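In: 3D, please:
(8 chains, ligands or ions: 7)
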Amino acid sequence: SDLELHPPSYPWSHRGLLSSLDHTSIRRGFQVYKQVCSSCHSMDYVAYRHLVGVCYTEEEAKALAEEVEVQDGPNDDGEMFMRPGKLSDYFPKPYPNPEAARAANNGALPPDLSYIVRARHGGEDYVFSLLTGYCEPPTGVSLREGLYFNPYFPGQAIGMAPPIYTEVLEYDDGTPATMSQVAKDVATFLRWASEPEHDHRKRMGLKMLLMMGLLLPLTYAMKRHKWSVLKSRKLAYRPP
Amino acid sequence: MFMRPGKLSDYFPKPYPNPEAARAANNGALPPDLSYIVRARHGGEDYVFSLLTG
Amino acid sequence: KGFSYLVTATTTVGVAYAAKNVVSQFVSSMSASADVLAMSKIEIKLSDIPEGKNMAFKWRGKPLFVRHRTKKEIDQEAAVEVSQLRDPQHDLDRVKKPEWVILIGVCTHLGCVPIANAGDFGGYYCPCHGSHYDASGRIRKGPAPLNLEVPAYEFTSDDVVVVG
Amino acid sequence: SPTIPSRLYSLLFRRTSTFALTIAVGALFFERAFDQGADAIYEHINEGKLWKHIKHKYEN
Amino acid sequence: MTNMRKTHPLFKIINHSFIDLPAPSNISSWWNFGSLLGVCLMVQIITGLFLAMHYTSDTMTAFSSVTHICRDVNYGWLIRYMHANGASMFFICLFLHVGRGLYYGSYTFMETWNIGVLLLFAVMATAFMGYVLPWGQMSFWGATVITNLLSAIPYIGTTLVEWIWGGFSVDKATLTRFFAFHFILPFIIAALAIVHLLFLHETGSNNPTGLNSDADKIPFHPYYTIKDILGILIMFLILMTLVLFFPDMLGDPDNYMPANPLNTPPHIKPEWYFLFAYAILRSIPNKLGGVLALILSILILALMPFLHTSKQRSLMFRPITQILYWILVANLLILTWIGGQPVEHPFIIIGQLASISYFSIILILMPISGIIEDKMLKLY
Amino acid sequence: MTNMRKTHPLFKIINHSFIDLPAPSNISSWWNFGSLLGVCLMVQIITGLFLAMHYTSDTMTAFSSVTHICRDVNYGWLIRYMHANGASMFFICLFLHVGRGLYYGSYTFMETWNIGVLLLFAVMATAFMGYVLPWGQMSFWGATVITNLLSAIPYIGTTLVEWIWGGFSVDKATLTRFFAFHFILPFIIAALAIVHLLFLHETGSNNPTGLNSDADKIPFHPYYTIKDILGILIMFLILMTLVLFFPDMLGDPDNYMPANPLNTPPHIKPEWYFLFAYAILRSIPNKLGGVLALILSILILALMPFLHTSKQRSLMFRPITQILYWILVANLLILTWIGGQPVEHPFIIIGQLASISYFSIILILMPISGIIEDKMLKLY
Amino acid sequence: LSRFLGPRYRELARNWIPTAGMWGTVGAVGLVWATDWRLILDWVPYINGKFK
Amino acid sequence: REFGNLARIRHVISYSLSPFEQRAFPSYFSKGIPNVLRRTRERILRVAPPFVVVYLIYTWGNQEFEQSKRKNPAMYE
Ligand SMILES: CCCCCCCCCCCCCCCCCC(=O)OC[C@H](COP(=O)(O)OCCN)OC(=O)CCCCCCCCCCCCCCCCC
Ligand code: HEC
Ligand code: HEM
Ligand code: HEM
Ligand code: HEM
Ligand code: HEM
Ligand code: FES
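Out: Residues are numbered from 1 along each chain as shown, chains lettered A, B, ... in the order given. Ligands and ions are numbered 1, 2, ... in the order given. Right below this line is the structure:
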């Protein structure tokens, strides 16, 4: 069906004009991605050097980097070798080529989840609606194997089974990991991964708003001051 | 990956995948690429002829 | 006139602050990026360096030679006086660990790197203008105005060394 | 009794060099004061969410 | 002792063109848009210069380089979003410039108007090449669409577009040559804008009343200097609040994906003004006809000064042509919205009705409106 | 009817600048080198535009892109060698330009001379960065060398070099930013050449006799039109025989290998047009002293109008100063040869003697020769 | 050469010393404001606090 | 600054022919080679000897560099 379902406008903590992201939610959604979403989707542009100072500290992000292995080379004899990853390394791709991704995911290519919020219309609302909108198909359509109903995906048939559910992972801070909580956390994390400049951009926006609200009346004051001699000028015509 | 017969568009095949393997398999010295070596060595073809016959 | 010039002064202060922030932001964009700062930390150099050999890597961007200093070379550097050079430099002050000595190949005349295992001093030879350096990194014969710099390093257990 | 802008004109604004000097000094002080004010407004409107707010839970 | 401001040659040129330039006193905020366009051109020159300092033009690394600018480069996100939203602001100011000229009869300056049309050509080409530069999905597909439109030309188009492509499709040669052309073209824009200002300076500016403004002239300094500064600040306000609060309001989401020659988006929606061009293309159902329709829809501004049949210059005292002009702005907006919308009913029929209305208003209805106005005012 | 050539604004500007420009009748072939410099500038613009049209600025792909231009692209090898030999002929024309300026007393036009000096700085910077562009071994190593000579400045040099590197050494950021700067800066050169010609038109043109040429002046067209056309044709003879017969004799063989940071070149040297400055900076055995010697050795050209202590303008009737001038030209040839040669005996002492004699002639010997000349002619 | 060595030029010069010196102080404070010198800005009683 | 006025010239008469009436190379060799020889004679002595001593010290530097690279048998014992 060419008709599509417009995702609703959820009231995010970062939805406000001057409101930043919840970094605790960014952290929680990060281990959501790591323990759930990293086995299929790649992350080619987010690194641990971007992880530091936002949601994890430097030592935690370093150890979290060395918990995974990274191929590096060339060797002294001229080969590859596996070494513990560091803060400079990017996030490990699950598959080497998109052909292997389509082979492991029966012909469907999982896109890179580093610009998915800025790439899909609706953004984090679309991601939350996609992850929480899984339901049985209505009477009238039959979907073959490997395809699942989702009214928010265009074409209504998605190559994903529902990835998240109640207690799909264990949060480190003791927050109850319900499906809605997990989806909200991973949507906030995906928003951060798509736009890491969010908090700095909004702080600079507050600075710009205050400075130009200070400057525009003053610049208009100088404009009207220099233009006053014309705007109060009086003309007289005195022919003989 | 797989192997296939070479077409016209293929370049000449490198005998070593990386220069480190070339150095390790040819006792340290790295053989330079002979695509700009006449233009890159002083003397040019004279230097190549003298080096090979000298 | 004081009121009008005060309005003008506050406007000029605001514009000056904005212009300074803009130019500072663009100059910061000119400078090194986050990946370049992240790559300035050196990983483990391991123990692949052979006996009496020098390995060249990328430390602080520049080429860095980590050389296994032989006992004879260390004895020669100790026998070479510190006051006999242009600058006061000793082998023990230059190298904390005498087994392996890590230096940066940045000459003090044109910022060149020296040729590994060459020269008349048994150490390095800068070939841009032909300067000889001993095993301690001090210049003996050449146009180098200063000695070779040694990057700051921290050594863990014997298989782990960090530079930069 | 000279007024406040009267004293500013008599001391600083009449000479152009002193005008530029007080412009630069006010640029320094306004730069820092506005930085403190804007930052304070930012973390008050976003208190409890930033990394500088949740930092102490993992630093120590 | 002599006055250096009229003695020194660079200083006397600056004095005669920007300092003691006699200007009409009554020009409104619509006359700030030329200075806004020049300021935005300089802003894009500097900003894209920094972008090219941090950007590489190669298909497997263009998107990666853009992401590296956004993430690793300090304030590179600010630089790139300034570039994009400033291109949007540049086209806003350009359209308001053209609308000012159309409303106030500034097209009677024939040479200045024709140089302005050339500037519009160069700016649209530059912005198209800049839009294809980040190598997104919509960037690549819009490039293929526009080049196929160029291929609609008979007996030349196929070879011409294989020539422009540097091959048989949009590829590395096309991306690199488009990077070179996009980097270089605003300097031709700046030189031709110097020619634009020279042709304007030969005859002086135009007042909103359309009358002889030599009776009441003021120097450009400090009146229009401080007015232009205020206009620059307002334009910076709009641009910077766009960049720092709505950086994707005027953007495109499908541009944030890597370009795929196999996969295609369900919709091809370029930027606003190219949406207008796409709708005036999609109006009539033939390739060569649509190409000529787009070409005439842009050249119709150059054709405008020959259509002035009225005895009055500006539209300040012409109320019927005011209604026709605002209906023209109305179906400009309508055609932009149709270019945004997909191809179904009633977007089709609204499209060709808007296209016929636009062309008939500019060709037929406006000089007839001027004739009717003159015969009401006993001038015909 | 009107005379369109002198009534049309752009056309009357062109007519007053280049058609009906009153030029001296007796100016020799040394006066063609300004037009040759402009034509070489345009040739560099077009040819480098095609090179950047087919060029990728990334360390993984710079050398491979140059090989792709030279081999795969249709006659892109001819484009590249035209670019390189046109840069070399640009410096040949620049050296003969400043030779005319020094010999014929053309530095009395102080504004024009200073604009030319800063133009020389800009051209040198562009050519250095364009030599960085192909990412050869000697290319990268010369970039490192010249930037460390910039790092010789105390307390500012290290941070400013880390700033201009885009990092910690010469890397991808340095190569890409040098590409952007090298693309863009010839247009600033073109604008400054417009300013150069504007100042020259204000001050008039000089003759080899150094006298007032107003008694005998002829229009620029057709005389100097066909003279400059013949000069362009001879320039194309030299440029094309260098391109098509000896493409590498002014080049560098070590530039035809990929840049290896581990392997240093055995003998490093910049290009032939940097050799005198490189030789003098080798001659002074100090970092800050050497870089200051380079900067002041190019700034003595700006210092030239303050060293004119003669009542005769041109050197046509001043034989002692002609002898000193030809000794000076000989000294620049010695400096070029020494900069080519390595640091061995006796090249150090020859370089120091050459630099000392060069500065002594240009600062001390020439004004004393002029004063002696005036005394011999009994002017006081 | 000897144009600027006389009593009139000397008293013009010493009249212009306070203005030129004040302009030099303006240039110095503007340059240190633009470049943020630690060596100067760590001694003023306010601006040093934000460096920490 | 334009051709309307640049200088005050009085009592000066200039004659010229048409380029279509006079030749383009009138005695190009016979009256041209002595002119080149005259110019060379005028400016040969104040130009050449700097380049002559360039050649001299260039040859001296080359042979002295070659002699320095040449070994010195100071090893007999
Ligand atoms: C006839 C009206 C008389 C009104 C009298 C009011 C009282 C007058 C005395 C008191 C003064 C009150 C204030 C006066 C304000 C200025 C005067 C004024 O408003 O005049 C009426 C105005 C201009 O009158 P005029 O142009 O002479 O009308 C000729 C008929 N065309 O004309 C108008 O306002 C009428 C405008 C109608 C426009 C309709 C447009 C419909 C179609 C729009 C299509 C847009 C494009 C859509 C897409 C197309 C493609 C799909
Ligand atoms: C392996 C089973 C995966 C898991 C775990 C996750 N994703 Fe996925 N994703 C996968 C495939 C095979 C596809 C393509 C399916 C198709 O029909 O095209 C996707 C696609 C997405 C998308 C894109 C949807 C769109 O409209 O373009 C999104 C936004 C998405 N997936 C979200 C997502 C998230 C947030 C995940 C972590 C909780 C996640 N997926 C896990 C494969 C797999
Ligand atoms: C990059 C784009 C452009 C720049 C930088 C530019 C520059 C300028 C400037 C600075 C002015 C003076 C301001 C004013 O008179 O209001 C001006 C006026 C003018 N412009 Fe443009 N212009 C551009 C594009 C155009 C276009 C697209 C057109 C027409 C289709 C045009 C036609 C005119 C005309 C006719 C005037 C005279 C207005 C008058 O006399 O009041 N220009 N231009
Ligand atoms: C000399 C001036 C300019 C230079 C050097 C320049 C350079 C660049 C570069 C390198 C890019 C790609 C970087 C990126 O997209 O992230 C780009 C993008 C772009 N350019 Fe330019 N440009 C210039 C002028 C202009 C002008 C005048 C316009 C429009 C009128 C324009 C419109 C665009 C657009 C729309 C993009 C796409 C931005 C995006 O996709 O987010 N550019 N430019
Ligand atoms: C870099 C690009 C340059 C260009 C495109 C350029 C262009 C020109 C042109 C077209 C002329 C007129 C030709 C003539 O009058 O004989 C000229 C003359 C002149 N140039 Fe340049 N020039 C450049 C660099 C320089 C330099 C490096 C200098 C000196 C350091 C310089 C100083 C002069 C002077 C003094 C004249 C006047 C000659 C006379 O009056 O006879 N220019 N230039
Ligand atoms: C807008 C003007 C120019 C552009 C776009 C341009 C472009 C380029 C490009 C893309 C390259 C690298 C390609 C290659 O070397 O194979 C290059 C190299 C070079 N450029 Fe330019 N250039 C311009 C003007 C100049 C000028 C004015 C000069 C010197 C006066 C110059 C000197 C050089 C030199 C010497 C090289 C080295 C060529 C080689 O080593 O093979 N360029 N240029
Ligand atoms: S750079 Fe090392 S000896 Fe000169």
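
In: only C-alpha atoms for contact and neighbour calcs from this point on.
Out: OK.

In: residues near residue E:127, how many?
Out: By other C-alpha atoms under 10 Å in any protein chain shown, 21 other residues sit near residue E:127.

In: in contact with it, which residues are there?
Out: By C-alpha atoms under 8 Å, 6 or more residues apart in numbering or on different chains, the contact list for residue E:127 reads E:87, E:182.

In: residues near residue A:95, how many?
Out: Residues lying near residue A:95 (other C-alpha under 10 Å) number 16.

In: pretty sure it sits in a helix.
Out: No. Counting by DSSP: H, G, I helix; E, B strand; the rest coil, residue A:95 falls outside a helix, being coil.

In: list the residues that contact it.
Out: A:40, A:42, A:101.

In: repeat that for 7 Å
Out: For residue A:95, the contact set (C-alpha atoms under 7 Å, 6 or more residues apart in numbering or on different chains) comprises residue A:101.

In: same check, this time on the one 4 residues further on
Out: If you count contacts by C-alpha under 7 Å, 6+ apart, residue A:99 has none.

In: now it: phi and psi?
Out: Residue A:99 adopts backbone torsions of phi -70, psi -40, taken as degrees, to the nearest 10.

In: what distance do you get for it to ligand 2?
Out: Applying C-alpha to the nearest ligand atom, to the nearest Å, the value for residue A:99 to ligand 2 is 12 Å.

In: now do that residue against chain C, distance only.
Out: Residue A:99 sits 29 Å away from chain C, going by C-alpha to the nearest C-alpha, to the nearest Å.

In: give me the residue from chain G nearest chain A.
Out: Closest residue of chain G to chain A, C-alpha to the nearest C-alpha: residue G:50 (17.2 Å).

In: secondary structure element for the closest residue to that residue other than its chain neighbours?
Out: Excluding the flanking residues, the one nearest residue G:50 by C-alpha to C-alpha, 6 or more residues apart in numbering or on different chains is residue D:32, at 7.9 Å. Using DSSP states H and E, the element containing residue D:32 is helix D:16-45.

In: likewise residue E:301?
Out: Using DSSP H and E, residue E:301 maps to helix E:287-303.

In: what comes up buried for that helix?
Out: Within helix E:287-303, the residues scored as buried using 16 or more other C-alpha atoms under 10 Å in any protein chain shown are E:287-291, E:293-294, E:297, E:301-303.

In: what are the contacting residues of that helix?
Out: E:114, E:117, E:149, E:152-153, E:277, E:280-282, E:284.

In: longest helix in chain A, please.
Out: helix A:198-226 (DSSP state H).

In: one step back: what is the nearest of the buried residues of helix E:287-303 to chain C?
Out: Nearest member of these to chain C, counting by C-alpha to the nearest C-alpha, is residue E:301, at 37.7 Å.

In: next up, the contacts around the closest residue in space to residue A:156 that isn't next to it in sequence.
Out: Leaving aside its sequence neighbours, residue A:156 sits nearest to residue A:150 (C-alpha to C-alpha, 6+ apart; 5.1 Å). Contact analysis of residue A:150 by C-alpha under 7 Å, 6+ apart lists A:130, A:133-135, A:156-158.

In: next step: those restricted to strands.
Out: Members of the contacts of residue A:150 lying in strands (criterion: DSSP state E): A:157-158.

In: list buried residues within the contacts of residue A:150.
Out: Buried by 16+ other C-alpha under 10 Å: A:130, A:133-134, A:156-158, out of the contacts of residue A:150.

In: checking residue 16 next. Helix, strand or coil?
Out: If you meant another chain, say so; for now it's chain A. Strictly by three-state DSSP, residue A:16 counts as coil.

In: quick one: the helices in chain A?
Out: Using DSSP H, helices in chain A cover A:23-35, A:48-51, A:58-66, A:98-104, A:116-119, A:124-132, A:179-194, A:198-226, A:228-231.

In: next, count neighbours for the closest residue to chain E within chain A.
Out: Nearest residue of chain A to chain E, counting by C-alpha to the nearest C-alpha: residue A:119, 4.3 Å away. Residue A:119: 17 surrounding residues under other C-alpha under 10 Å.

In: how much space separates the closest residue in space to it that isn't next to it in sequence from residue A:132?
Out: What sits nearest to residue A:119 in space, not counting adjacent residues and going by C-alpha to C-alpha, 6+ apart, is residue E:253, at 4.3 Å. Distance, residue E:253 to residue A:132, by C-alpha to C-alpha, to the nearest Å: 22 Å.

In: same question for residue H:6.
Out: Distance from residue H:6 to residue A:132, counting by C-alpha to C-alpha: 89 Å.

In: these two: who's more crowded?
Out: Shown here are residue H:6 and residue A:132; by other C-alpha under 10 Å, residue A:132 has more neighbours (20 against 14).

In: contact partners for the more buried one?
Out: Applying C-alpha under 7 Å, 6+ apart, we find residue A:132 in contact with residue A:180.

In: what residues of the one helix or strand residue E:121 maps to count as buried?
Out: For residue E:121, the element it lies in under DSSP H and E is helix E:110-132. Residues E:110, E:112-120, E:122-123, E:125-132 are the ones in helix E:110-132 that count as buried (16+ other C-alpha under 10 Å).

In: likewise for stretch G:26-40?
Out: G:26, G:29-30, G:32-34.

In: for the buried ones among the contacts of residue A:150, which one is nearest ligand 1?
Out: For the buried ones among the contacts of residue A:150, the closest approach to ligand 1 (C-alpha to the nearest ligand atom) belongs to residue A:156, at 34.8 Å.

In: now the closest one: how far from residue A:113?
Out: Taking C-alpha to C-alpha as the measure, residue A:156 falls 20 Å from residue A:113.

In: for residue H:55, same thing?
Out: 70 Å.

In: show me which of these two is the more surrounded one.
Out: More neighbours surround residue A:113 than the other of residue H:55 and residue A:113, with 21 against 14 (other C-alpha under 10 Å).

In: tell me the contacts of the closest residue in space to that one that isn't next to it in sequence?
Out: For residue A:113, ignoring the flanking residues on the chain, the nearest one in space by C-alpha to C-alpha, 6+ apart is residue A:43 at 5.8 Å. Taking C-alpha under 7 Å, 6+ apart, we find residue A:43 in contact with A:91, A:93, A:112-114.

In: which residues touch the most centrally placed residue in chain A?
Out: For chain A, the residue nearest the mean C-alpha position is residue A:191 (2.1 Å; C-alpha atoms, centre = their mean). The contact partners of residue A:191, taken as C-alpha under 7 Å, 6+ apart, are A:117, A:124.

In: can you tell me the residue of chain C closest to chain D?
Out: residue C:2 (4.6 Å).

In: ok, back up a step: same question for the longest helix of chain A: list its buried residues.
Out: Buried, per 16+ other C-alpha under 10 Å, within helix A:198-226: A:198-199, A:201-208, A:211-212, A:215-216, A:218-224, A:226.
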